[PDB]
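In: coordinates only, no sequence provided:
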Ligand SMILES: [Fe+2]
Ligand SMILES: [Fe+2]
């Protein structure tokens, strides 16, 4: 049963060295003259100042034409599914990051979480500006609401909320670690069929305006995964009693389930009808990313057969 | 008993016109193609993009010298009290804004709240950079911790937390309106002895580096008051049953108490020892600001005798 810290605790520890990610005894004064977790303060600076971006400064002059006249029925179906789902993911994140931040007892980590919450809001703004820019108003409302029309998308949204809702209903230590892992998996995997698709359209000079918006979102998402990688690894060191064998088993199962679900979404979205990407590239890509992200929080590769990034070329294409 | 909305509500209203500030039935998808509250989306744009600022881009080359050699014992005492208290206020705000945002049921308002929470984090960063820049490390730790040494400052912090803690412990509709009014009063009044002091030092070319940081903070705080003015006025229209006569009476009492407390702090901090400001200017200034802010949420002036801004010259000095 994780207690939400009071606004001010005059019995709080003065010594930054006594900070904990959770269940610390902070004053809740942001005593940032001393930093226990330098990675959190660095990530705040990076997300908040270094990587600041304004969606509306990205010119959108071309995509409405290419959407109107150059995209296939299949390219438009994928555009709609991917953007609908990304809108849902960042909506869930702006809201759930408030739950993580209010339970965190280390100010520099709370600070990094606030910056991430703001970046998720910038993404929501970017999607509204992409759609205002590219499609007609009824079609924009349709893309926002596409879960009402597509059972696969509706179920994706409901599964993501489940893991977050359990912590909210039942805010205990177990439900916190599971929500924390779920957040890491969402930002590790759930963007990446969508990012791979956009960069595919973009490599053939299709929807490059939309693709520019995506490059800024992807940079943000790499910082978000780095923040949660550090939080999880620090939670293991500081609260080992919470990484029971039941929890360690669950993490590997959920990661494998999430890899498989992201692959199927990618396949559903593209259906081998998208030139330059196919169902097998999608499979090895999501398995590559799963191995990378689960190893980085202290587990063995989950797809030993996959060792290479099948889409190595994205690392370079996505750069700004 | 205000229920925190689930991460995703497939029974949610599609129609933006059905949004409420509180107790709406949202999907919790940020459907920003349609905006019920244009003031909230405008304020998001202003706080998030238009008024973006980087504390560390403000050069701090002069203030360490003037602090070292040019400031009186009284000027240094005030610098320390004001900055200690502002550090406390923005710490409380980054943390409490997560509580408002998770209860808000209108996405554009949640979006504006997220931007405000990020601005409070930028302020915390600014204070750390001001102190790293101007004073030695033990003195910086002393300023962060000055509530441990000064009973008036300790009690100021404890009173601010009280009103927020009651909502957190007992999250009902009454405690929400009281916390919402308390937030408006904090950003209306609790900065303004501190801002008046800094602009006084600055008008005589003292601590102008610190004063530049303050101008950016003050611009932010005017946007924060505008956001809460709109939220309160909209809550009155949408939930009139919550503005009982017991609540309306309480708002006028608390505003009057807060005006009087801010004046006393201002007086305590300056003690008529600060050249260009005195105990009577402070009195009329905080009463002017109280009238302005309580009238703007639908009440009669609380100090009828005060009609003019005794420090009219700040309106112009503070501009960027
Ligand atoms: Fe993210
Ligand atoms: Fe503020």
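Out: All right, it came through fine. Numbering: from 1, shown residues only, chains lettered A, B, ... in the order given. Ligands and ions are numbered 1, 2, ... in the order given.
In: so how far is residue A:271 from the residue in the stretch 101-250 of chain A positioned nearest to ligand 1?
Out: Closest approach of the stretch 101-250 of chain A to ligand 1 (CB to the ion) occurs at residue A:224, with a separation of 3.7 Å. (Each C-beta comes from the backbone N, C-alpha and C, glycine too.) Residue A:224 sits 29 Å away from residue A:271 when distances are taken as CB to CB, to the nearest Å.
In: could you do residue A:295 as well?
Out: For residue A:295, the distance to residue A:271 under the criterion CB to CB works out to 31 Å.
In: contacts only, for residue A:159.
Out: Residues in contact with residue A:159 (CB atoms under 8 Å, 6 or more residues apart in numbering or on different chains) are residue A:261.
In: repeat the analysis, applying 6 Å as the threshold.
Out: Contact partners of residue A:159, counting by CB atoms under 6 Å, 6 or more residues apart in numbering or on different chains, are absent.
In: gap between it and residue A:88?
Out: In this view, residue A:159 and residue A:88 are 11 Å apart by CB to CB.
In: after the helix or strand that residue A:76 is a member of, next one along is what?
Out: Following DSSP states H and E, one finds residue A:76 within helix A:73-103. On the C-terminal side of helix A:73-103, the nearest following helix or strand under DSSP H and E is helix A:107-134.
In: kindly calculate the angle that that following helix makes with helix A:73-103.
Out: The directions of helix A:107-134 and helix A:73-103 differ by 150 degrees, with axes from the mean of the first three to the mean of the last three CA atoms, to 10 degrees as the criterion.
In: tell me what angle the helix or strand just after helix A:107-134 forms with helix A:107-134.
Out: Remark: after helix A:107-134, the chain's next helix or strand is helix A:137-144, criterion DSSP H and E. Calculated by the same axes, to 10 degrees, helix A:137-144 forms an angle of 140 degrees with helix A:107-134.
In: what helices and strands are in contact with helix A:137-144?
Out: When contacts are defined as 3 or more CB pairs under 6 Å, 6 or more residues apart in numbering or on different chains; DSSP states H and E, helix A:137-144 sits against helix A:73-103.
In: pull out the buried positions in the helix it packs on.
Out: The neighbour-count check on helix A:73-103 (16 or more other CB atoms under 10 Å in any protein chain shown) flags A:75, A:77-103 as buried.
In: that one close to chain B?
Out: Yes: under the criterion of CB under 6 Å from any CB of the partner chain, helix A:73-103 makes contact with chain B via A:88, A:91-92, A:94-95, A:98, A:101-102.
In: now distance to ligand 1 too, for those residues, in TSV please.
Out: Rendered in TSV, the data for these read as follows (distance: CB to the ion, whole Å):
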residue	distance to ligand 1
A:88	13
A:91	11
A:92	10
A:94	9
A:95	12
A:98	14
A:101	14
A:102	18
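In: in those, find the pair that's most separated.
Out: Maximum pairwise distance in these, criterion CB to CB, is 22.6 Å, between A:88 and A:102.
In: quick check: residue A:286 touching residue A:263?
Out: Yes: under the criterion of CB atoms under 6 Å, residue A:286 lies in contact with residue A:263, with a separation of 4.7 Å.
In: more neighbours: those two, which one.
Out: Relative neighbour count places residue A:286 above the other of residue A:286 and residue A:263, with 29 against 20, counting by other CB atoms under 10 Å in any protein chain shown.
In: which outside residues touch the strand or helix carrying that one?
Out: Residue A:286 is located in helix A:279-295, with elements delineated by DSSP H and E. With CB under 6 Å, 6+ apart as the test, helix A:279-295 has contacts from A:188-189, A:192, A:196, A:255, A:259, A:262-263, A:266-267, A:272, A:301-303, A:306, A:309-311.
In: from these, which land in helices?
Out: For these, the ones inside helices are A:188-189, A:192, A:196, A:255, A:259, A:262-263, A:266-267, with DSSP state H as the criterion.
In: tell me the one among the residues you listed nearest to ligand 2.
Out: Of all the ones in helices among the contacts of helix A:279-295, the one sitting nearest ligand 2 is residue A:188; the distance, using CB to the ion, is 33.8 Å.
In: who's in contact with the closest one?
Out: A:225, A:293.
In: which single residue of the stretch 51-200 of chain A ends up nearest ligand 2?
Out: Taking CB to the ion, the stretch 51-200 of chain A has residue A:114 as its residue nearest ligand 2, at 12.9 Å.
In: next, count neighbours for that residue.
Out: By other CB under 10 Å, the residues close to residue A:114 number 29.
In: so what's it closest to, chain neighbours aside?
Out: Leaving aside its chain neighbours, residue A:114 sits nearest to residue B:121 (4.3 Å; criterion: CB to CB, 6 or more residues apart in numbering or on different chains).
In: is it true that the one you found touches residue B:94?
Out: Yes: with the criterion set as CB under 6 Å, residue B:121 and residue B:94 qualify as a contacting pair; they are 5.2 Å apart.
In: overlap in contacts of these two?
Out: For the pair residue B:121 and residue B:94, residues contacting each of them under the criterion CB under 6 Å, 6+ apart are residue A:114.
In: and residue A:143, what is it in contact with?
Out: For residue A:143, the contact set (CB under 6 Å, 6+ apart) comprises A:80, A:83-84, A:131.
In: just the closest of those residues to chain B, please.
Out: The shortest approach to chain B among the contacts of residue A:143 belongs to residue A:131, at 6.3 Å (CB to the nearest CB).
In: ligand 1 contacts on the stretch 51-200 of chain A?
Out: Proximity of the stretch 51-200 of chain A to ligand 1 (CB under 5 Å from the ion) is limited to residues residue A:187.
In: at 6 Å what do you get?
Out: With CB under 6 Å from the ion as the criterion, the stretch 51-200 of chain A meets ligand 1 at residues A:93, A:120, A:187.
In: could you do the stretch 201-320 of chain A as well?
Out: For the stretch 201-320 of chain A, the residues found near ligand 1 under the criterion CB under 6 Å from the ion are A:220-221, A:224.
In: great, nothing more from me.
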